[PDB]
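Okay, so here's just one chain, in structure tokens, the form deposited in one PDB entry.
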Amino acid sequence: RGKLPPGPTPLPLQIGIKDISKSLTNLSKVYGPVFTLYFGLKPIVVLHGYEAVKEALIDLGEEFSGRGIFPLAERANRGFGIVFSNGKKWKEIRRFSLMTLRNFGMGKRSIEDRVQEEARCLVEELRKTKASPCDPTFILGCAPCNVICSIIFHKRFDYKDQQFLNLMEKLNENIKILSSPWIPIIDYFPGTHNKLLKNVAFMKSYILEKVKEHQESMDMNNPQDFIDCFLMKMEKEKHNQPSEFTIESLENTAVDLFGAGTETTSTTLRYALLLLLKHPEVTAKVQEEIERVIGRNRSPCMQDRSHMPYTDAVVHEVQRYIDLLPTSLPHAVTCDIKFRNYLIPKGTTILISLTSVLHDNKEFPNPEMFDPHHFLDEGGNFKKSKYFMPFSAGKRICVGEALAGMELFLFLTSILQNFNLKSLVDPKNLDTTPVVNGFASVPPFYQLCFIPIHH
């Protein structure tokens, strides 16, 4: 009825995502590009190298857009959102969210507008450190978080408003938790599965505080944020019950936006700065290139990216080098399917090695090293690449690819606009090797001085 690919024989101290993705490459060398790990009798077919991931996610896009069940499910039921939702709930909501996240029925003010307001609120806050050493984690995590508030509620929040420090205390708890290394099973369990639940319930509850307030004032002819907009779709598509667009889904879709939208971004910001210290000649050119195009008066902006081949390459390379999410999130096929020489039954969990594709040794020669010129033709022009998948590929591609890209580019340039960066350690020995993690490439702890600018 269905025949998986060959893999090692089933079943197989502190082990992390960077390590799992290594093991997966080792097994590529033995078994070929497509193979199968068992886990008792849970088959997880893994997918490695560009040709397989292209073939599967892109050329068989629909058949591979399912969501793997993960390590677990959760009876607080998070699969009425985007990340963990499926079939037709997913099709309709993703589409909606997509379009909302690109200025359709969300007031006049744009998403670029918003990352720009924060971009400034963020440089302000980085001047409070007075040039004195500083761990960017808190500040850098606050920005992307506040953007999601703003897209969703329409008010960002001073970096002191308790309502905020609570929201972000809860997100950081789910971080320490989920970025838990493995050992055969993930590490955690001991009294944390219920602090996970408690916290999700807090979050839903709070989005619901704000949803009530939004329903107080609703109005076809004036949406201004996700919640408004969503409620409007719940109107246009009534008498067409039962619906995918309900309150139950609004709530888990927003929770989803904060979850996906924050630590992935802030982690990359954290890693973008770290790499800036360790590579003072690159920061130099970037900062220069920022002089030549944007100066010190105005705010940076998405139109300047295209006049900035070196800066756009640096981000790309920050995003490719760090390998934020070695294996994406897990996939699952939507139905039975013949893929190359194999029938994979409906349901089967698919795992994608983004490491394998971002870290290809032919397309990115010397791929272990960090080098802007990986995204530069021999003439120093900007080189786009079919192999660029920080955000995955195909129909489940990060629904915030464009926004992630906005916050990275606007925030980083802003930071580079107003400040030189001074590492405590001498760049020369500064270790950058990432700390062991449950599902992401996270950087070591570091400090830096944000010195107001001088040439």
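What we label the rigid core is the largest C-alpha set whose atoms superpose within 1.5 Å from one form to the other. For every residue, the number given is its place in the sequence shown, counted from 1.
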- line: Residues of the deposited chain absent from the coordinates between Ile183 and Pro184 total 4 to 9
query: Looking at the deposited entry, does 55-63 or 403-411 carry the larger mean Cα B-factor?
result: 55-63
- prompt: Comparing 143-151 with 128-136, which has the greater mean CA B-factor as deposited?
  reply: 128-136
query: From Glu112, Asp371, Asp360, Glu237, which pick has the Cα B-factor that tops the rest in the entry?
result: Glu237
- request: Choose from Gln14, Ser23, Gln447, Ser441 the residue with the greatest Cα B-factor as stated in the PDB record.
  value: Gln14
- prompt: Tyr31: which third of its chain by C-alpha temperature factor?
  reply: middle
field: Relative C-alpha B-factor of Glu251, binned into the chain's lowest, middle or highest third
entry: middle
- line: The third of the chain into which the C-alpha temperature factor of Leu47 falls is the lowest
message: When the deposited Cα B-factors of this chain's modelled residues are ordered and cut into thirds, is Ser353 in the lowest, the middle or the highest one?
response: lowest
- prompt: What third of the chain, by the recorded C-alpha B-factor, contains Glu281?
  reply: middle
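This protein has a second form, the form deposited in another entry, left out of what is shown; the following refers to that one.
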- line: Out of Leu72, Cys335, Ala201, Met220, the position with Cα displaced 2 angstroms or more between the shown form and the other one on rigid-core fit is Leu72
- prompt: Once the two forms are fit on the core, has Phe189 moved its CA by at least 2 Å between the shown form and the other one?
  reply: yes
field: Closer or farther in the other form, the Cα atoms of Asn194 and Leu72, when the shift from this form is 3 Å or more
entry: closer
statement: Per the comparison in the other form, the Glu251 and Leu72 C-alpha atoms (change 3 Å or more) are positioned closer
